Amino acid sequence: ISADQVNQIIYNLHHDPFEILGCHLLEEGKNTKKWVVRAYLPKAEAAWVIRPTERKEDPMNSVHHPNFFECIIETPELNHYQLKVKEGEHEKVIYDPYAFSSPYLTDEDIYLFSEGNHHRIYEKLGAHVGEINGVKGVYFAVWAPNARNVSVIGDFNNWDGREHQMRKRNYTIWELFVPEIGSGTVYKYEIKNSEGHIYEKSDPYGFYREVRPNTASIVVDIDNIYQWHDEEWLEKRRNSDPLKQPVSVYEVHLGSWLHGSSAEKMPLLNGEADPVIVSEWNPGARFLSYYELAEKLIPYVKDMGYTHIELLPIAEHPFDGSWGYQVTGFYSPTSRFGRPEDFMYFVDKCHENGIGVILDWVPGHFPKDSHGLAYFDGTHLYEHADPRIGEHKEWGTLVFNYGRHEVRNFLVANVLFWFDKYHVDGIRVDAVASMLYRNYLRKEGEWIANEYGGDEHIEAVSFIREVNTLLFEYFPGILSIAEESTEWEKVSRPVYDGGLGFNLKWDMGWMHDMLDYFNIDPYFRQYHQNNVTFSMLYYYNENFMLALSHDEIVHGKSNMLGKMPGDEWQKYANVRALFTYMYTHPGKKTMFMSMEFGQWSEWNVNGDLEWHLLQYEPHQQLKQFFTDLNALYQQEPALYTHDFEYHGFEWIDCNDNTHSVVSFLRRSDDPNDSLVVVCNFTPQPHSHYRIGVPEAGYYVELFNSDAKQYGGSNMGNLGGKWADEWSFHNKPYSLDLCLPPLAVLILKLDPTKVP
Ligand SMILES: [Mg+2]
Ligand SMILES: [Mg+2]
Ligand SMILES: [Mg+2]
Ligand SMILES: [Mg+2]
């Protein structure tokens with residue numbers, strides 16, 4: 001480029017910076033092409049072009065001015081890249097702001113989408129504010145290749161689409177530009193199918209939607225509604241390995257954590273809306289907005305000391321009682337809680353408070369509601385046409401056709417969309433088995449095998465691998481968490497090693513072993529010591545997340561206190577012993593709202609949590625217990641650096657079944673960070689109980705779940721114990737401990753203690 005051109009850009013004299021900035025073809029070679037990417041990055045000293053899907057990264061060079069950058073790259077296609085921008089000591093990674101010079105679909109957009117590889121398809125399908133022919137308006141586009149006609153109906157035309165008939169491109173996608181409308185426009189698509197039947201659909205790629213049970217889509221100027229402040233969070237995330245960090249998740253259903261009064265408006269970020277009543281049966285209650293949740297949930301979680309919030313599905317869904325697991329608006333956060341920018345504010349405030357956001361994401365099916373994706377254009381478009389692979393009959397839902405390019409593209413671009421536009425830090429996928437098996441919940445003679453004669457759903461496996469490959473390429477540092485309940489192998493292993501590419505898997509076996517164990521009267525746990533220890537036998541085959549979820553405190557299963565045997569004191573003590581064991585056992589942690597304060601009732605999705613319980617001491621003490629345990633967890637490296645290495649754990653003794661005692665070490669990089677954990681899972685106290693330890697010295701009683709401030713009896717070792725030179729459990733030294741009833745101790749050597 002010339003210095004004249006560069007200076008036109010620097011000084012805002014250039015007539016159209018997209019001529020020069022962005023990605024431009026320079027020349028074609030025999031088997032490759034030469035491109036240049038240019039960027040004007042005021043205040044950046046350095047920049048790079050990352051090609052994350054090729055695992056490449058190229059520096060940019062200043063050209064004529066220190067903040068004008070160019071990068072020449074030879075490759076056959078340069079469709080997928082990011083800019084890394086360094087401004088002083090800080091780096092950010094962004095999409096190129098000059099990537100798309102028009103709002104309409106290009107030939108290249110259509111080709112990429114037809115092949116299933118358009119990772120940013122949501123920039124062109126849906127509804128986008130823009131300019132065509134010199135006039136501002138909204139561009140709409142929708143994939144409906146077998147429709148006879150499609151028209152845009154909405155507020156702007158009184159729901160009569162005759163003068164807003166779309167134009168079909170390349171026999172596949174319909175488009176229309178509508179001048180002089182903008183964000184907040186309410187619309188649907190009116191489709192006529194091959195039989196002539198006329199019906200109405202919400203936008204598959206819509207970014208916002210009316211409040212259930214109304215279904216119109218709403219235009220969002222998605223890139224001009226919110227200013228983020230989380231660059232330092234995002235940089236730290238990119239440059240860190242979450243597997244080696246504390247990860248303590250507070251699982252939340254946003255619709256049922258806390259309700260407000262329906263007698264007032266729902267406040268939003270700088271505005272308000274009509275209240276959303278929770279149900280006709282509870283009409284004085286309304287949902288809280290994403291704004292109000294930022295103001296209340298976030299400081300609550302920060303005070304409790306969790307590292308992450310995991311949300312049950314927030315994509316738009318028509319029925320509260322699905323809990324979010326039956327989605328019809330994949331590209332929009334539910335309007336129950338306000339607007340897209342209110343959820344952006346929620347995530348930005350989590351990041352400001354050093355809290356990550358994990359979304360439950362639901363790619364496995366969709367319901368049959370007429371407004372949604374079903375039979376979209378008069379053919380089985382999103383779902384497979386064969387009900388033996390295209391329906392989950394026991395659920396009454398439809399299964400995406402994962403092998404169809406445009407359908408795979410809808411879902412793969414959708415997971416990226418939440419990381420891109422909403423900055424989230426992870427996803428969790430429920431019921432991964434539903435996707436992986438062609439015979440899932442199907443009777444003999446009602447499914448067919450794969451091309452090789454097996455029961456593996458090959459197209460679904462390919463799709464899941466693609467999702468996790470892309471996600472970690474574009475957004476290193478995230479969490480991709482699976483619940484898979486059939487022992488499919490290598491769930492949380494890299495795709496190149498034959499894995500599915502998640503980085504964490506819920507340890508459902510552990511959860512069942514634990515909850516079944518603690519439900520047993522303590523005298524009988526001696527016949528079930530194996531429930532305590534078994535899950536370590538397979539532990540290192542996956543990277544496990546120890547999750548006690550919403551699914552375990554519904555449908556007659558009781559909330560945690562109610563699962564426990566004994567009198568009230570003992571029920572609380574069992575909860576504290578179980579959770580202290582959970583937080584000291586190798587693996588990351590997840591627990592669901594209400595578990596942290598001892599709600600007695602099961603979770604009810606139609607009301608809010610029983611907050612009034614926190615007026616009373618026993619509930620206050622249990623919440624203080626979790627607050628302290630989460631603080632300890634973040635403070636003690638041996639509880640998180642080596643979860644997934646042999647080094648990080650070793651049993652001391654797990655043979656004392658008649659007293660339901662087990663003990664173990666956790667370790668980290670520094671030997672002085674090793675912890676001794678001792679568990680007593682009966683109410684019998686032990687005044688003298690010897691435990692083998694590896695070093696001489698004074699072992700401080702770092703945590704004791706029977707402390708009085710947690711509601712316990714305050715039994716224990718009064719600060720700690722000096723080790724005896726008395727060989728025990730095959731170790732050269734040993735502690736003669738007092739074990740409190742229904743309790744866990746954590747001890748730690750203090751090598752500086754004065755004898
Ligand atoms: Mg009409
Ligand atoms: Mg399940
Ligand atoms: Mg058993
Ligand atoms: Mg209530």
# chains A, B, ... in the order shown; residues from 1 in each chain; ligands from 1

$ residues_around --residues "residue 321 in chain A" --least-positions-apart "5" --cutoff "12 Å" --atoms "only C-alpha atoms" --output "list in words"
residues 253, 255, 256, 278, 279, 326, 327, 604, 605, 606 and 607 of chain A

$ residues_around --residues "range 364-375 of chain A" --least-positions-apart "2" --cutoff "7 Å" --atoms "only C-alpha atoms" --output "list in words"
residues 200, 201, 202, 204, 215, 326, 327, 328, 362, 377, 378, 379, 380, 381, 382, 397, 398, 399, 400, 434 and 435 of chain A

$ write_last_selection --atoms "N, CA, C and O atoms" --output "PDB file, in the first residue's frame"
ATOM      1  N   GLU A 200     -46.723 -19.424   9.490  1.00  0.00           N
ATOM      2  CA  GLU A 200     -45.843 -18.373  10.028  1.00  0.00           C
ATOM      3  C   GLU A 200     -44.747 -19.027  10.886  1.00  0.00           C
ATOM      4  O   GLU A 200     -44.970 -20.011  11.576  1.00  0.00           O
ATOM      5  N   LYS A 201     -43.506 -18.483  10.775  1.00  0.00           N
ATOM      6  CA  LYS A 201     -42.368 -18.995  11.532  1.00  0.00           C
ATOM      7  C   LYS A 201     -41.597 -17.903  12.198  1.00  0.00           C
ATOM      8  O   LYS A 201     -41.438 -16.780  11.718  1.00  0.00           O
ATOM      9  N   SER A 202     -41.124 -18.157  13.408  1.00  0.00           N
ATOM     10  CA  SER A 202     -40.151 -17.245  14.021  1.00  0.00           C
ATOM     11  C   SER A 202     -38.828 -17.378  13.216  1.00  0.00           C
ATOM     12  O   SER A 202     -38.654 -18.362  12.525  1.00  0.00           O
ATOM     13  N   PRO A 204     -35.320 -18.506  12.610  1.00  0.00           N
ATOM     14  CA  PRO A 204     -34.291 -19.421  13.214  1.00  0.00           C
ATOM     15  C   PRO A 204     -33.077 -18.745  13.817  1.00  0.00           C
ATOM     16  O   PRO A 204     -32.577 -19.203  14.851  1.00  0.00           O
ATOM     17  N   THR A 215     -44.466 -15.223  19.994  1.00  0.00           N
ATOM     18  CA  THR A 215     -43.353 -15.851  19.304  1.00  0.00           C
ATOM     19  C   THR A 215     -42.747 -14.951  18.205  1.00  0.00           C
ATOM     20  O   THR A 215     -41.872 -15.487  17.474  1.00  0.00           O
ATOM     21  N   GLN A 326     -36.041 -27.629  26.084  1.00  0.00           N
ATOM     22  CA  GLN A 326     -36.752 -27.728  24.805  1.00  0.00           C
ATOM     23  C   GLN A 326     -36.727 -26.339  24.163  1.00  0.00           C
ATOM     24  O   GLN A 326     -37.539 -25.474  24.454  1.00  0.00           O
ATOM     25  N   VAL A 327     -35.729 -26.101  23.291  1.00  0.00           N
ATOM     26  CA  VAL A 327     -35.442 -24.755  22.762  1.00  0.00           C
ATOM     27  C   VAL A 327     -36.016 -24.574  21.373  1.00  0.00           C
ATOM     28  O   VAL A 327     -36.010 -25.480  20.559  1.00  0.00           O
ATOM     29  N   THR A 328     -36.611 -23.416  21.164  1.00  0.00           N
ATOM     30  CA  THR A 328     -37.028 -23.030  19.814  1.00  0.00           C
ATOM     31  C   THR A 328     -36.396 -21.795  19.253  1.00  0.00           C
ATOM     32  O   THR A 328     -36.685 -21.473  18.117  1.00  0.00           O
ATOM     33  N   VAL A 362     -28.099 -26.843  24.150  1.00  0.00           N
ATOM     34  CA  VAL A 362     -29.008 -27.982  23.836  1.00  0.00           C
ATOM     35  C   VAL A 362     -29.090 -28.339  22.359  1.00  0.00           C
ATOM     36  O   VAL A 362     -30.067 -28.015  21.695  1.00  0.00           O
ATOM     37  N   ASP A 377     -39.764 -25.645   6.001  1.00  0.00           N
ATOM     38  CA  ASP A 377     -40.117 -25.157   4.683  1.00  0.00           C
ATOM     39  C   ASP A 377     -41.106 -26.083   4.002  1.00  0.00           C
ATOM     40  O   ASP A 377     -41.175 -26.126   2.754  1.00  0.00           O
ATOM     41  N   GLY A 378     -41.813 -26.934   4.770  1.00  0.00           N
ATOM     42  CA  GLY A 378     -42.677 -27.976   4.132  1.00  0.00           C
ATOM     43  C   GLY A 378     -41.984 -29.260   3.834  1.00  0.00           C
ATOM     44  O   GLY A 378     -42.533 -30.113   3.094  1.00  0.00           O
ATOM     45  N   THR A 379     -40.747 -29.438   4.359  1.00  0.00           N
ATOM     46  CA  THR A 379     -40.032 -30.668   4.317  1.00  0.00           C
ATOM     47  C   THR A 379     -39.338 -30.862   5.676  1.00  0.00           C
ATOM     48  O   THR A 379     -39.353 -29.904   6.502  1.00  0.00           O
ATOM     49  N   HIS A 380     -38.841 -32.072   5.904  1.00  0.00           N
ATOM     50  CA  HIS A 380     -38.057 -32.329   7.113  1.00  0.00           C
ATOM     51  C   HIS A 380     -36.658 -31.659   6.906  1.00  0.00           C
ATOM     52  O   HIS A 380     -35.760 -32.269   6.282  1.00  0.00           O
ATOM     53  N   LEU A 381     -36.565 -30.372   7.274  1.00  0.00           N
ATOM     54  CA  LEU A 381     -35.383 -29.536   6.919  1.00  0.00           C
ATOM     55  C   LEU A 381     -34.338 -29.610   7.998  1.00  0.00           C
ATOM     56  O   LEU A 381     -33.235 -30.135   7.766  1.00  0.00           O
ATOM     57  N   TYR A 382     -34.654 -29.215   9.217  1.00  0.00           N
ATOM     58  CA  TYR A 382     -33.728 -29.360  10.359  1.00  0.00           C
ATOM     59  C   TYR A 382     -33.698 -30.731  10.933  1.00  0.00           C
ATOM     60  O   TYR A 382     -32.636 -31.192  11.336  1.00  0.00           O
ATOM     61  N   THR A 397     -40.047 -35.154  20.901  1.00  0.00           N
ATOM     62  CA  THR A 397     -39.224 -34.064  20.216  1.00  0.00           C
ATOM     63  C   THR A 397     -38.603 -34.617  18.945  1.00  0.00           C
ATOM     64  O   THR A 397     -38.650 -35.826  18.600  1.00  0.00           O
ATOM     65  N   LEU A 398     -38.001 -33.688  18.188  1.00  0.00           N
ATOM     66  CA  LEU A 398     -37.370 -33.983  16.942  1.00  0.00           C
ATOM     67  C   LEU A 398     -35.830 -33.859  17.055  1.00  0.00           C
ATOM     68  O   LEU A 398     -35.328 -33.130  17.909  1.00  0.00           O
ATOM     69  N   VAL A 399     -35.121 -34.619  16.262  1.00  0.00           N
ATOM     70  CA  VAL A 399     -33.641 -34.765  16.313  1.00  0.00           C
ATOM     71  C   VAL A 399     -33.063 -34.107  15.075  1.00  0.00           C
ATOM     72  O   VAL A 399     -33.475 -34.419  13.965  1.00  0.00           O
ATOM     73  N   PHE A 400     -32.095 -33.171  15.257  1.00  0.00           N
ATOM     74  CA  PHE A 400     -31.463 -32.572  14.114  1.00  0.00           C
ATOM     75  C   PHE A 400     -30.796 -33.600  13.200  1.00  0.00           C
ATOM     76  O   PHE A 400     -30.227 -34.598  13.649  1.00  0.00           O
ATOM     77  N   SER A 434     -27.939 -39.252  24.069  1.00  0.00           N
ATOM     78  CA  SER A 434     -29.109 -39.071  23.161  1.00  0.00           C
ATOM     79  C   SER A 434     -28.691 -38.829  21.766  1.00  0.00           C
ATOM     80  O   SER A 434     -29.369 -39.226  20.767  1.00  0.00           O
ATOM     81  N   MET A 435     -27.529 -38.187  21.613  1.00  0.00           N
ATOM     82  CA  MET A 435     -26.953 -37.957  20.297  1.00  0.00           C
ATOM     83  C   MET A 435     -26.108 -39.128  19.804  1.00  0.00           C
ATOM     84  O   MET A 435     -26.055 -39.352  18.568  1.00  0.00           O
TER      85      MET A 435
END

$ residues_near_ligand --ligand "ligand 3" --cutoff "8 Å" --atoms "only C-alpha atoms and all ligand atoms" --output "number ranges by chain"
A: 528, 530-531

$ residues_around --residues "residue 701 in chain A" --least-positions-apart "3" --cutoff "7 Å" --atoms "only C-alpha atoms" --output "compact mmCIF listing (two decimals) with C-alpha atoms, in the first residue's frame"
# COMPACT_ATOMS: atom_id res chain seq x y z
CA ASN A 704 -12.92 -29.21 60.40
CA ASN A 717 -7.68 -31.38 67.55
CA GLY A 719 -5.39 -26.41 66.28
CA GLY A 720 -3.45 -29.43 65.14
CA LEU A 745 -10.77 -32.90 58.73
CA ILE A 746 -8.17 -31.35 56.49
CA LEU A 747 -4.69 -31.03 58.00
CA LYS A 748 -1.56 -29.43 56.58

$ residues_near_ligand --ligand "ligand 2" --cutoff "10 Å" --atoms "only C-alpha atoms and all ligand atoms" --output "ChimeraX atom specification"
/A:430-434,483-485,508,551

$ closest_residue --among "A:571, A:248, A:177, A:673" --to "residue 546 in chain A" --atoms "only C-alpha atoms"
A:248

$ residues_near_ligand --ligand "ligand 1" --cutoff "8 Å" --atoms "only C-alpha atoms and all ligand atoms" --output "list in words"
residues 159, 160, 161 and 162 of chain A

$ write_last_selection --atoms "C-alpha atoms" --output "PDB file, in the first residue's frame"
ATOM      1  CA  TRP A 159     -48.665  -8.313   9.130  1.00  0.00           C
ATOM      2  CA  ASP A 160     -49.451  -8.272   5.461  1.00  0.00           C
ATOM      3  CA  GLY A 161     -46.438  -9.489   3.482  1.00  0.00           C
ATOM      4  CA  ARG A 162     -47.629  -8.873  -0.104  1.00  0.00           C
TER       5      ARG A 162
END

$ atom_distance --atom1 "CA of residue 595 in chain A" --atom2 "CA of residue 581 in chain A"
15.1 Å

$ residues_around --residues "residue 437 in chain A" --least-positions-apart "6" --cutoff "12 Å" --atoms "only C-alpha atoms" --output "JSON, numbers by chain"
{"A": [364, 388, 389, 392, 399, 431, 447, 448, 449, 450, 454, 455, 456, 457, 458, 459, 460, 461, 484, 485, 486, 488]}

$ residues_around --residues "range 518-525 of chain A" --least-positions-apart "4" --cutoff "7 Å" --atoms "only C-alpha atoms" --output "list in words"
residues 514, 529, 563, 564, 565, 660 and 682 of chain A

$ residues_near_ligand --ligand "ligand 4" --cutoff "6 Å" --atoms "only C-alpha atoms and all ligand atoms" --output "PyMOL selection string"
chain A and resi 607-610

$ atom_distance --atom1 "CA of residue 678 in chain A" --atom2 "CA of residue 624 in chain A"
21.1 Å

$ select_by_dssp --residues "range 364-469 of chain A" --states "strand (DSSP E)" --output "PyMOL selection string"
chain A and resi 391-392+397-398+426-429

$ closest_residue --among "A:575, A:511, A:243, A:638" --to "residue 478 in chain A" --atoms "only C-alpha atoms"
A:243

$ select_by_dssp --residues "range 461-527 of chain A" --states "alpha helix (DSSP H)" --output "list in words"
residues 461, 462, 463, 464, 465, 466, 467, 468, 469, 470, 471, 472, 473, 474, 508, 509, 510, 511, 512, 513, 514, 515, 516, 517, 518 and 519 of chain A

$ closest_atom_pairs --of "range 355-423 of chain A" --to "range 87-106 of chain A" --cutoff "12 Å" --atoms "only C-alpha atoms" --output "Markdown table"
| residue | atom | partner | partner_atom | distance |
| --- | --- | --- | --- | --- |
| A:419 | CA | A:94 | CA | 11.5 |
| A:420 | CA | A:94 | CA | 8.9 |
| A:421 | CA | A:95 | CA | 10.9 |
| A:423 | CA | A:94 | CA | 11.4 |

$ closest_residue --among "A:119, A:339, A:244, A:55" --to "residue 226 in chain A" --atoms "only C-alpha atoms"
A:339

$ decode --residues "range 534-556 of chain A" --atoms "N, CA, C and O atoms" --output "PDB file, in the first residue's frame"
ATOM      1  N   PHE A 534     -14.758 -46.613  45.129  1.00  0.00           N
ATOM      2  CA  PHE A 534     -14.821 -47.149  43.799  1.00  0.00           C
ATOM      3  C   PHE A 534     -14.536 -46.154  42.690  1.00  0.00           C
ATOM      4  O   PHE A 534     -13.901 -46.547  41.701  1.00  0.00           O
ATOM      5  N   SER A 535     -15.000 -44.894  42.805  1.00  0.00           N
ATOM      6  CA  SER A 535     -14.920 -44.056  41.627  1.00  0.00           C
ATOM      7  C   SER A 535     -13.452 -43.700  41.354  1.00  0.00           C
ATOM      8  O   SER A 535     -13.093 -43.382  40.225  1.00  0.00           O
ATOM      9  N   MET A 536     -12.555 -43.856  42.321  1.00  0.00           N
ATOM     10  CA  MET A 536     -11.106 -43.656  41.984  1.00  0.00           C
ATOM     11  C   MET A 536     -10.493 -44.718  41.068  1.00  0.00           C
ATOM     12  O   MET A 536      -9.444 -44.477  40.396  1.00  0.00           O
ATOM     13  N   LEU A 537     -11.138 -45.869  40.924  1.00  0.00           N
ATOM     14  CA  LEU A 537     -10.615 -46.921  40.089  1.00  0.00           C
ATOM     15  C   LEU A 537     -10.666 -46.570  38.619  1.00  0.00           C
ATOM     16  O   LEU A 537      -9.777 -46.942  37.891  1.00  0.00           O
ATOM     17  N   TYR A 538     -11.647 -45.769  38.168  1.00  0.00           N
ATOM     18  CA  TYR A 538     -11.749 -45.370  36.758  1.00  0.00           C
ATOM     19  C   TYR A 538     -11.461 -43.838  36.543  1.00  0.00           C
ATOM     20  O   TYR A 538     -11.556 -43.405  35.430  1.00  0.00           O
ATOM     21  N   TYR A 539     -11.211 -43.145  37.615  1.00  0.00           N
ATOM     22  CA  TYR A 539     -11.095 -41.699  37.664  1.00  0.00           C
ATOM     23  C   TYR A 539     -10.197 -41.131  36.596  1.00  0.00           C
ATOM     24  O   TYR A 539     -10.510 -40.074  36.007  1.00  0.00           O
ATOM     25  N   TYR A 540      -9.026 -41.755  36.354  1.00  0.00           N
ATOM     26  CA  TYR A 540      -8.060 -41.157  35.448  1.00  0.00           C
ATOM     27  C   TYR A 540      -8.342 -41.416  33.972  1.00  0.00           C
ATOM     28  O   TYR A 540      -7.545 -40.986  33.130  1.00  0.00           O
ATOM     29  N   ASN A 541      -9.464 -42.073  33.635  1.00  0.00           N
ATOM     30  CA  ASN A 541      -9.879 -42.271  32.265  1.00  0.00           C
ATOM     31  C   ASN A 541     -10.562 -41.053  31.605  1.00  0.00           C
ATOM     32  O   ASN A 541     -10.664 -40.999  30.422  1.00  0.00           O
ATOM     33  N   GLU A 542     -10.955 -40.099  32.428  1.00  0.00           N
ATOM     34  CA  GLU A 542     -11.595 -38.885  31.951  1.00  0.00           C
ATOM     35  C   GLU A 542     -11.107 -37.736  32.835  1.00  0.00           C
ATOM     36  O   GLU A 542     -10.569 -37.931  33.949  1.00  0.00           O
ATOM     37  N   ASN A 543     -11.391 -36.468  32.455  1.00  0.00           N
ATOM     38  CA  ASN A 543     -11.228 -35.396  33.397  1.00  0.00           C
ATOM     39  C   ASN A 543     -12.589 -35.121  34.060  1.00  0.00           C
ATOM     40  O   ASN A 543     -13.483 -34.549  33.417  1.00  0.00           O
ATOM     41  N   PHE A 544     -12.785 -35.579  35.257  1.00  0.00           N
ATOM     42  CA  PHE A 544     -14.125 -35.540  35.894  1.00  0.00           C
ATOM     43  C   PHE A 544     -14.431 -34.252  36.614  1.00  0.00           C
ATOM     44  O   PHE A 544     -13.613 -33.624  37.300  1.00  0.00           O
ATOM     45  N   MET A 545     -15.730 -33.888  36.475  1.00  0.00           N
ATOM     46  CA  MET A 545     -16.401 -32.833  37.201  1.00  0.00           C
ATOM     47  C   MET A 545     -17.351 -33.558  38.158  1.00  0.00           C
ATOM     48  O   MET A 545     -18.163 -34.387  37.694  1.00  0.00           O
ATOM     49  N   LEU A 546     -17.203 -33.293  39.435  1.00  0.00           N
ATOM     50  CA  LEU A 546     -18.043 -33.857  40.499  1.00  0.00           C
ATOM     51  C   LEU A 546     -19.245 -32.919  40.584  1.00  0.00           C
ATOM     52  O   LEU A 546     -19.158 -31.847  41.190  1.00  0.00           O
ATOM     53  N   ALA A 547     -20.357 -33.367  40.027  1.00  0.00           N
ATOM     54  CA  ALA A 547     -21.593 -32.594  40.004  1.00  0.00           C
ATOM     55  C   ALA A 547     -22.763 -33.202  40.775  1.00  0.00           C
ATOM     56  O   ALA A 547     -23.102 -34.368  40.572  1.00  0.00           O
ATOM     57  N   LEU A 548     -23.307 -32.381  41.675  1.00  0.00           N
ATOM     58  CA  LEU A 548     -24.565 -32.657  42.387  1.00  0.00           C
ATOM     59  C   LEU A 548     -25.531 -31.631  41.848  1.00  0.00           C
ATOM     60  O   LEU A 548     -25.554 -30.476  42.320  1.00  0.00           O
ATOM     61  N   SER A 549     -26.337 -32.023  40.894  1.00  0.00           N
ATOM     62  CA  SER A 549     -27.096 -31.085  40.040  1.00  0.00           C
ATOM     63  C   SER A 549     -28.553 -30.950  40.415  1.00  0.00           C
ATOM     64  O   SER A 549     -29.094 -31.738  41.204  1.00  0.00           O
ATOM     65  N   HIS A 550     -29.228 -30.071  39.662  1.00  0.00           N
ATOM     66  CA  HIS A 550     -30.700 -29.921  39.765  1.00  0.00           C
ATOM     67  C   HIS A 550     -31.440 -31.213  39.594  1.00  0.00           C
ATOM     68  O   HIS A 550     -32.514 -31.339  40.216  1.00  0.00           O
ATOM     69  N   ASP A 551     -30.944 -32.104  38.817  1.00  0.00           N
ATOM     70  CA  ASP A 551     -31.689 -33.336  38.464  1.00  0.00           C
ATOM     71  C   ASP A 551     -31.842 -34.238  39.679  1.00  0.00           C
ATOM     72  O   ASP A 551     -32.665 -35.175  39.697  1.00  0.00           O
ATOM     73  N   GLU A 552     -30.996 -33.977  40.698  1.00  0.00           N
ATOM     74  CA  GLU A 552     -30.985 -34.862  41.895  1.00  0.00           C
ATOM     75  C   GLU A 552     -31.825 -34.398  43.017  1.00  0.00           C
ATOM     76  O   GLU A 552     -31.883 -35.072  44.082  1.00  0.00           O
ATOM     77  N   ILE A 553     -32.472 -33.243  42.892  1.00  0.00           N
ATOM     78  CA  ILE A 553     -33.303 -32.663  43.976  1.00  0.00           C
ATOM     79  C   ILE A 553     -34.722 -32.342  43.513  1.00  0.00           C
ATOM     80  O   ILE A 553     -35.363 -31.419  43.973  1.00  0.00           O
ATOM     81  N   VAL A 554     -35.143 -33.192  42.560  1.00  0.00           N
ATOM     82  CA  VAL A 554     -36.545 -33.118  42.036  1.00  0.00           C
ATOM     83  C   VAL A 554     -37.209 -34.562  42.049  1.00  0.00           C
ATOM     84  O   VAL A 554     -36.553 -35.584  42.273  1.00  0.00           O
ATOM     85  N   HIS A 555     -38.494 -34.620  41.677  1.00  0.00           N
ATOM     86  CA  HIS A 555     -39.197 -35.874  41.390  1.00  0.00           C
ATOM     87  C   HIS A 555     -39.100 -36.896  42.471  1.00  0.00           C
ATOM     88  O   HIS A 555     -38.947 -38.083  42.137  1.00  0.00           O
ATOM     89  N   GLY A 556     -39.277 -36.472  43.733  1.00  0.00           N
ATOM     90  CA  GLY A 556     -39.313 -37.389  44.860  1.00  0.00           C
ATOM     91  C   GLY A 556     -38.006 -37.797  45.382  1.00  0.00           C
ATOM     92  O   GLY A 556     -37.928 -38.653  46.228  1.00  0.00           O
TER      93      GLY A 556
END
